[PDB]
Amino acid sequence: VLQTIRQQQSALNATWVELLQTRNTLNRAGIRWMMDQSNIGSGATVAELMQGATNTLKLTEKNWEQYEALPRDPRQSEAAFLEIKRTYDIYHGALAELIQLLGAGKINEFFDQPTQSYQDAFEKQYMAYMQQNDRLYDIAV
């Protein structure tokens, strides 16, 4: 019934949320890394933050596969799902590369990566996909 899109919706939202939480944690580690260069570091360490980003990026993978493996209503759009996955893989892959750049100390290459564009592209599909499902709500009446 209409419960199969609400459960598929919740699964993709949890991926969306974990991607954002991962990007934020990485940028915290960037500040601490910067602080350590000038020996003014305090609070959370780079290692603890990198450790947390690694965890939430794996959580992101697992949340994604949980959404992929959920059944799709025949009315939904196949192209829509492929565009979601295309933008997700770029965004997820970009965060994985940010972990490597920071570990190698490439702070400029880290900061200059156009992560915002990858995120904007995924959010554009998520929003459009949220709208098409909200319409299946309005017509399932």
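The first residue of the sequence shown is number 1, and the count goes up from there.
*Asks:* Mean C-alpha B factor from the entry: is it higher for 60-68 or for 95-103?
*Replies:* Taking the mean C-alpha B-factor of 60-68 and of 95-103, the larger value falls to 60-68.
*Asks:* Of 76-84 and 105-113, which one has the bigger average CA B-factor?
*Replies:* Between 76-84 and 105-113, it is 76-84 that shows the higher mean C-alpha B-factor.
*Asks:* Checking the entry, which one of 125, 119, 133, 13 has the top C-alpha B factor?
*Replies:* So the option with the highest C-alpha B-factor is 133.
*Asks:* Tell me, lowest, middle or highest third: where does the Cα B factor of residue 45 rank within its chain?
*Replies:* It belongs to the middle third of the chain when residues are ordered by C-alpha B-factor.
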